[PDB]
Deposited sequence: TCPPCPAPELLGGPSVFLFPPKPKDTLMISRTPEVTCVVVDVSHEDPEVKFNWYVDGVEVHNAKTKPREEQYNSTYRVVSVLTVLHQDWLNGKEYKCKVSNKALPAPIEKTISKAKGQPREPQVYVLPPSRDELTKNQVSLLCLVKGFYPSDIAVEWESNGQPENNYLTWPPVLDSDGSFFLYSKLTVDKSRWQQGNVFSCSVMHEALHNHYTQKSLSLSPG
């Protein structure tokens, strides 16, 4: 069995529903106490999804999935750290091409649970690649996210923004913007 934690974005936004995924009769125990608010998705020729509440996962509660094998998962322990967010404009060499890479550097955060997205002019940009966190030399994590855009969109002067969500950020959210010049 593979017990996946919720998605970082779900646990940080109240509107969304964070849920543990007990990928394989199911029985869930929150720090011992049993719960029956779980569900079972159609068997795919199975997955049990346990809806959790935000503050409990973020407060380090432990979630066990016991199917009839016991496996448990919980948020990583340790002093959290606020992510630093930097945006790097395209390099001179890459401007000789039809597409350019916009980079978002996020370093110095703990735990590794984090969400990154891009957007422009109020619309979400979808053509981006985010590497998984890397353990840095000081015990914290860093990552990069790369947004690829047609050079014409960049040279026109449009503003592109890297949005980052982490538990240790004020309002669980911050943003850095980037444009020509």
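Missing from the model, by position in the deposited sequence, are residues 1-15, 40-49, 71-77, 101-107, 221-222.
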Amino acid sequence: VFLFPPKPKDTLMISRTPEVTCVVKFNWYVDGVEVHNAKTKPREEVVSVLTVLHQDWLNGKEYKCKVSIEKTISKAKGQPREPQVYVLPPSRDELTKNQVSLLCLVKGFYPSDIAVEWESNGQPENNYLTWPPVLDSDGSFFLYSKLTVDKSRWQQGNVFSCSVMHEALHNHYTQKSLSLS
From here on, numbers count along this sequence of modelled residues.
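Comparing the deposited coordinates for 107-115 and 74-82, the stretch with the larger average C-alpha B-factor is 74-82.
When the mean C-alpha temperature factors of 32-40 and 130-138 are read from the deposited coordinates, 32-40 comes out higher. Remark: of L143, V46, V149, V52, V46 shows the highest value [criterion: C-alpha B-factor in the PDB entry]. Of the candidates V159, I14, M165, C162, the PDB record gives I14 the highest C-alpha temperature factor.
Among the modelled residues of the chain, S181 sits in the highest third by CA temperature factor in this PDB entry.
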